[PDB]
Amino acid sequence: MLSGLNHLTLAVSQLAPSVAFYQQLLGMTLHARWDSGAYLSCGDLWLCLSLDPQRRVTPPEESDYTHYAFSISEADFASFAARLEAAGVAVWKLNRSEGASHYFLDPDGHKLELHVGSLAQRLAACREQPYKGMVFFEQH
């Protein structure tokens, strides 16, 4: 029985700039840092940056849809999305679905997202306007 996500490891090409991105801009808590990576936490999330020479800065058009989204409150959303744009963070997708979403890139091109809402709320929204061929699995 799996109990959830243990940690998220991001391959980075430059450790010093990336540590600033997640600690300074995103306000994550930096717990440890060594010559090959760093340990940060964002609430219940264990984020690990690993220095990888195989890591190339990938433009969004040369990478697939794989992305990682962080939870943020409705009140704090607008100001935080402005913070990243004011800091020059690039956007790789426009929000069109339900709930607040801001799609941005990290220094190495990792596709990140700020999303307001939970899985329970997304399912409820999809019950009123479902996707093409969508089916729901309810256990009651």
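Sequential numbering from 1, following the sequence displayed.
- For the pair 128-136 and 5-13, the mean Cα B-factor is higher in 128-136.
- Mean C-alpha B-factor is higher over 75-83 than over the other stretch, the pair under comparison being 75-83 and 37-45.
- Residue-level inspection of the entry shows that, of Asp108, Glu113, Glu98, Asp64, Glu98 has the top Cα B-factor.
- Annotation for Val57: C-alpha temperature factor in the middle third relative to the rest of the modelled chain, per the entry.
- Among the modelled residues of the chain, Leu26 sits in the middle third by CA temperature factor in this PDB entry.
- Split the chain's modelled residues into thirds by C-alpha temperature factor. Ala69 is in the lowest one.
- When the CA B factors of the chain's modelled residues are split into thirds, the value for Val89 lands in the highest one.
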